[PDB]
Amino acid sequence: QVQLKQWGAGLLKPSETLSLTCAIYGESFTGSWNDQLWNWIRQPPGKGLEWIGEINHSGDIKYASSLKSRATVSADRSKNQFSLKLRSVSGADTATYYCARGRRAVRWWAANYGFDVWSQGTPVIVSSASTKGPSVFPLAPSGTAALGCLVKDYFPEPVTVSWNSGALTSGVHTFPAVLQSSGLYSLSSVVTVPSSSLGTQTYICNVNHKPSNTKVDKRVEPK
């Protein structure tokens, strides 16, 4: 029942400091064999895993080469916690951050010699933006047609997009949002529809952004 609970702020403005703490449950900091390895792992959006740093049982600390000048991994023995501090954060640091547990490869010839316990992680987003409701713009259709809605300039995630109050689900594609260079998110949701029903059927997207308490209904008509 060894578990890791991670907490920390994920919405950071540029040049601020990332501060994350990982709490250990079910195990001691050193372990019974003095073999525990406490690591921090990073995963940028859509990319692979990147190891950040490690503080081991005896207190030795090693960082990744690309982050050694800006990272500070520490640990509080009396509270069974270890932390990660990343200062001067930019857009390249946007990622989901994890803490994991490893075991040292000494006496390898005799449980798990990898990162067997992971925390649920923390999504860290680096943007200069504040809480802003989105603007919903129609994607009007010009025998299969396609129409949609453009949910633009909002922060932070997430948003809920529905069509006809959930009545229309077949053929709907709500794409993952992208973070624009302005620090605001932009999302589009589309749906494929037979062309013959463009004159009879009516389509209205329901956008909800609860961080800003914004609920917008925008119907999409032909041009």
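Residue positions are given as counts along the sequence shown, with the first one as 1.
Going from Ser142 to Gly143, the model skips 4 to 9 deposited residues, which lack coordinates. The modelled chain breaks after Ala110 and resumes at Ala111, leaving 4 to 9 residues of the deposited sequence without coordinates. Just going by the entry, 18 to 26 versus 203 to 211 on mean CA temperature factor gives the higher value to 203 to 211. When the C-alpha B-factors of 119 to 127 and 100 to 108 are averaged, 100 to 108 comes out higher.
Between the residues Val178, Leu49, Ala167, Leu37, the entry's highest C-alpha temperature factor is the one at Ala167. Ranked against the other modelled residues of its chain, the C-alpha B-factor of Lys85 as given in the entry falls in the lowest third. In the deposited entry, the Cα temperature factor of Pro156 places it in the middle third of its chain's modelled residues. When the modelled residues of the chain are ordered by their C-alpha B factor, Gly31 lands in the highest third. Split the chain's modelled residues into thirds by C-alpha temperature factor. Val190 is in the lowest one. Annotation for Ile41: C-alpha temperature factor in the lowest third relative to the rest of the modelled chain, per the entry.
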